[PDB]
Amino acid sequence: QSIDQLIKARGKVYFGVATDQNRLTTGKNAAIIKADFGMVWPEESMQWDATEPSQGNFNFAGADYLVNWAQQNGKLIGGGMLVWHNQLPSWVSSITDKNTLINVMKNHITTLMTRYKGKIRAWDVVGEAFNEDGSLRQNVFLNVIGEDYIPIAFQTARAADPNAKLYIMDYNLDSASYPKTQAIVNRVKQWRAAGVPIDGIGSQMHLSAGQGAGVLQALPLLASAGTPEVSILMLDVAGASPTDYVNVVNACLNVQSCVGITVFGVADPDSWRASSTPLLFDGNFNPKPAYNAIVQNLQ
């Protein structure tokens, strides 16, 4: 049974998965995604280094493959990450003046988003912008541009494709008592009051065993920022306990603005922490207890 179809039957938009050309051409990834997931995200093919390895010199080989594959197979598409400190070429991080970095950032956002205008459900515009204590992370954008990089990024994104849901996302937002969770909510409320078009908060959810329960109160906290949507992204869970996965699903079901859940890959061996068996399919591409528990929970 398809957890995407089942979550849609509960009124959500999708159950999604991160993938890319290199996954889709091998193993059983394509077959599983066709059957069981309703949205795909590019693991790497829309990151900054993949799409703009030198200034103004873009490439969309991997991104085009995924977008066209999704269209061929009736899947929704998310894109990202437009602005964050990971997967950032040295030519960007070496910029030390505000206006150059603004222009480079705007050009990057606009070029990526306009290529697939109208076809992308959501873009992760800004990622991992917060420190653990809730202050803003001093990535190159914050240090060189200042706080206005986040307003600028979202306003540029809205102009490039007004149909796309624009997301800020971060990790370690899995407890309502954690300062980072409280800080992103306070800052997003104030940014939206300032007119920044932040449509969504995405929770980049890398759980250790037992942390699913905390999401029950963390996700409603994130939703109190007043964004139209929240989502769970890059989900994986050390040990893949049915309990942890079911708690995460229940949290999204309980939050009316939660549109869906994306897991960070199909099969355990391909995970960045494969040996913690943190995904929903095992090394034989067979559904794991956690998958079956999600099915039963959604039925």
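Residue numbers here begin at 1 and follow the sequence given.
Mean Cα B factor from the PDB record: higher for 169-177, or higher for 207-215? The stretch with the larger mean CA B-factor is 207-215.
Compare the mean C-alpha B-factor of 84-92 with that of 125-133 as given in the PDB entry, and name the stretch with the higher value. Between 84-92 and 125-133, it is 84-92.
For the listed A63, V263, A238, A30, which has the peak Cα B-factor recorded in the PDB entry? Of the candidates given, the C-alpha B-factor peaks at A238.
Sorting the chain's modelled residues by C-alpha B-factor, tell me whether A70 ends up in the lowest, middle or highest third. Middle third of the chain for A70's C-alpha B-factor.
What third of the chain, by the recorded C-alpha B-factor, contains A274? It belongs to the highest third of the chain when residues are ordered by C-alpha B-factor.
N250 CA temperature factor, ranked by third within the chain: Lowest third - that is where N250 ends up once the chain's C-alpha B-factors are sorted.
Ranking the modelled residues of this chain by C-alpha B-factor as given in the entry, is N143 in the lowest, middle or highest third? For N143, the deposited C-alpha B-factor lands in the middle third.
Thinking about Cα B factors across the chain, which third does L6 belong to? Middle third, going by the recorded CA B-factors of the chain.
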